[PDB]
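Labels run A, B, C, D, E, F, G, H and I following the written order; every chain starts at residue 1.
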């Protein structure tokens, strides 16, 4: 299975469409309560 | 960093794999044979 | 001289009275194609076209649907001769869309994120009075 | 525009492409210039296919301008497709094309014979292209993928670089 | 051109092993 | 895997060894990041709400391990009661007019949604900038 | 909690639910179609960029160049949609990159077989008559324009001007009436739920009168052999045999 | 093992376990109802098709032959669990049906609530509403007592209401939520009713002929609601010893019905959790969330 | 996937829409193509986009767009003046290419979250830079560029103009020139030098008015505090000699075995120490 995935990427060249909207939740490392509006996280 | 260059040779050919058949001499026969 | 009408039939009975304004709008369109591209930026180079097109189609749309001064014969003649726009008029019959600019502004795909351009968004929501010009169209607040 | 951009992209300022797609040189070339300026078959094939279409389209354009006539235009179109080998030069770069050329010559014999049967003489005016037109389309159906692959590589070398390795 | 006389072409700082190389520096010519 | 086992606090001393930043859980240097599957529509509601008025309910998971709190400037939030952009505002104010002719019968005349806000058609500054420009020019010399 | 606050809460909830579960946002929504644009848009883009030598344009120069790869594709679609000699003006659908780099003709020339044949049979007749009758049939000169002559803006010359009569033919009002009203239109019976499938323009179905009229129109291009006996050893089977045995049948292929 | 299920293209809002513990039912925003094998390889068989709105709530009847489905298209469907054929459409409410319950034991009954502010009693054999209780605020969650005499409704008024089928009066009001109630559920004994609410409070209320008169029997904590404003549902364990309620913080919370200690806080979900269900025989939890995946936790 | 960012770039909104291109741009340092991220930071903001590839950030530990350290928000020249210059990295051409390659494998083999060798060093800090580190987000940095039609007096977009209408910066100021490569390597960085000049004036470490004096003249005591606060703060240092206390002017004198310890207590203390939630200020004599 792993090899096949790899092969398909290589083969992408020979055969010249992506539609995902994907959300992520982020914790910063700066924090401090004045860095964001005041959220331990953000969403992107 | 994979180039968009191509070549004639590279293109698909013989995408199917000819498996041996039973009368051609499949491994099944071989294992059993003396 | 004219659009060099395709149909070769004679236009319908109602033509003579809507002739002039179509003549003048199309003259305006030709002027708009000609005028050139100095400090005009670029995305602003296409605007007058969309605007005039909206004008023409709004005209025939008004005459047929509102004032009722045209027979379907003449209406569809002005559609199939390409004076007016089919799709756009098909929007303006909808509930919400009645002032629409373009069929670009409501195409979802054409944005980065698949959303209709701020072109659409009602003024009440922006709530700043901030000033807006649709980079496609040249709208400011369709709705 | 494409072909001029290619030419400029490589700084070949001593070449000149005219509007019927004849690539000429401005001046007598220096040895070094001659090396650098050669185009391969990909570019020339493209150029000649474009030339063919320019012949066609121009013919229609003169009809629309009222310089020609319907019947004359039809005859011109038949001429064009039957005479590609002597108007273009496509073959130079691909010799296989001769296969289409021969077809067109034969069909012109065939049709011209039947057409000019009675009172009608050996004169110039026979329109009846449909046949010749077919032939070039079949050609194009196949050659398209070839040119996509070859021009693809040409562009890729131009932008990515000749992959320098002795590979 | 400056891959030589400006900036040490490619640098491998020696790996550091059980002893103190912090202090060491060397004299000019 | 029970609550007792999974969530038992890590034992005893904390080593100052790590910088405020070093002490934080991480996946990718700058912080910890992971998938989420939030209903797109709600995202739009929160994003516009914040963008327009400054107050949007915060997304967090472990802020207190339970959450009671808005995350906006909040002047609007108390006053506006979390008005959603999609939901109609309780009150309306301060419309600004743009001249329009919509018949299209007229030529040149016609403005559609192309209507140029009637209202909107420093000298003091007009000088500082100029000076700066001059200086820049001189520097090019 | 107060009545006022409850009412308020309810209101907001209503609007939230209405939007979150709105039909358009419905799971597998697929929204709209790429509605086509005013033709002047593409006209002006190319006219602006006519030589991408303008200092302003810059970035198109890279983009335009890139397209070259699909130019032959474009050519094939152009050529296969030529207008035929009985049409004055054929309009075609076009996809042009928003940049003006490339225009493709997005269309396949489908025709109703017996109609098509008939029409070129008509042209056979006409062309033959024209050649007979003109004293001197002057033929065009190739290239029709000079190299140093730049390509024409359609809009500046062509657009304004008349189309000048096509070849046509004088069909009898009486005998050829079935066929006669739509014979020389572009895609004859596209708008008719009686004769063709529809705007996909597949599957035609006519009456026998139509068929007989078309047949008669087509006669000059048509074989008069009703049996299969003519082609005895001139068929494909014979040719195959002939090939394999390295023989030729007197007037067949070697 | 844990077992991870996937297939729903959109958010999963509800999931249930068949009364006999042989299969699962799940549905959400996609509009498909999927059936799953609880054992074997956890295979998926029939897909129920026919809902045009999203599926807001599933239930099985006590026999496990009938599956009820409240949709946002204002229709409550009755499904045959065996074949997957649709039985009836309860067309009636003027707005979205937020939730539905089927009376156990007694002759077939169904209760619904919707955004029109009403609660309706349905006899599946009549194709018409039997009784209507106009509230005034949109209704989110509704359940019957074991005697099939009373209707328990949770809305956005922070007040759980109890309705008498014979008198047709507001019999009971429960105060103790500070915000909207999103999910209600009776104990298997009839003894206790479980509620979730925006205020992040899980509250158990006891309903009895003879009542203390301030039935805030117990309060639990941990469960967080947020800007998604998803409906949140809670469930009783088969024996009434454990309480599970989903949250928006990616954790499944399970509490001890007595001591109120958090037994489990479980991760694995990426987004908000919409419903948690207990297998009727064995300590197995099905957790459904907006991340479109289900887990089969075993305790 | 996902960039590495300052909290100051990313935005002051918690909700953010951020787009991604597979190989968008070359990085202006190691000069390779890399995934690029755009997003809008805020209402009047500029659409920032990552300027350098993720690797050479992990290498010098910095935001992708700003190139300011993650923890300190300081230009690299600064935090190197603050600890360790000897990190280095070849500037020169094909070396740069080579060293980047290898270090890219080394990073590939790390736990992933760690700026390579620097982090072994990066923990020990606070000398100065903490005190010169910036505290709050600085949004003036994302404002749109200065409209360059208007700065010639002409701009014909009127109020619509998204650019900014105001006086630019006089090209005289050495703080103008600011190359990117330059800011990255820590060469002659005007900003960094300015911050260095600011570092020096910090009244702090020279001390030593008199020999052997361990006397500490402590101002801003306050009458909430006890001595025991003092001792249980100061036993870390060593053997106290004694402590003199005055609560009438709220000044506390202190004395240690060695002057070294007194210098220390200054250092550790000065404009840093606070106990009893009240600032404890220190001076010599």
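Quick note on the criterion: a contact is a pair of C-beta atoms (placed from the backbone, for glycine too) under 8 Å apart; a residue touches a chain by one contact, two chains touch by 3 or more.
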Figure out the least number of contact steps between chain B and chain I, where 1 means they touch directly. 2
Quick check for you: compute each chain's CA centroid and the global CA centroid, then name the chain with the smallest gap between them. A
Chain C-chain H separation of Cα centroids, rounded to whole Å: 52
List the centre-to-centre spacing of chain D and chain G in whole Å, with centres computed as mean CA coordinates. 22
In angstrom, rounded to a whole number, how far apart do the mean CA points of chain B and chain H lie? 56
Report the inter-centroid distance (CA atoms only) between chain E and chain H in whole Å. 70
Residue numbers in chain B touching 2 or more other chains? 4, 6
Listing for chain G: what residues touch at least two other chains? 16, 161-163
Enumerate the residues of chain I that touch no fewer than two other chains. 2, 13-15, 17, 70-71, 159
Which stretch or stretches of chain H touch chain F in the complex? 11, 29, 200, 221-230, 249-251, 254, 261-266, 270-272, 289-292, 299
Can you tell me which positions in chain I touch chain A when the two form their complex? 2, 6-8, 10-18, 39, 70-71, 135-137
What residues of chain C sit close enough to touch chain G in their complex? 1, 4, 6, 29, 32-33, 36-37, 42, 45-46, 49-50, 53, 82, 85, 87, 103-104, 106-109
Would you pull the chain A residues touching chain B in the complex into a rising list? 10, 13-14
Residues of chain A touching chain I in their complex? 24, 26, 28-30, 32, 34-37, 39, 41-44
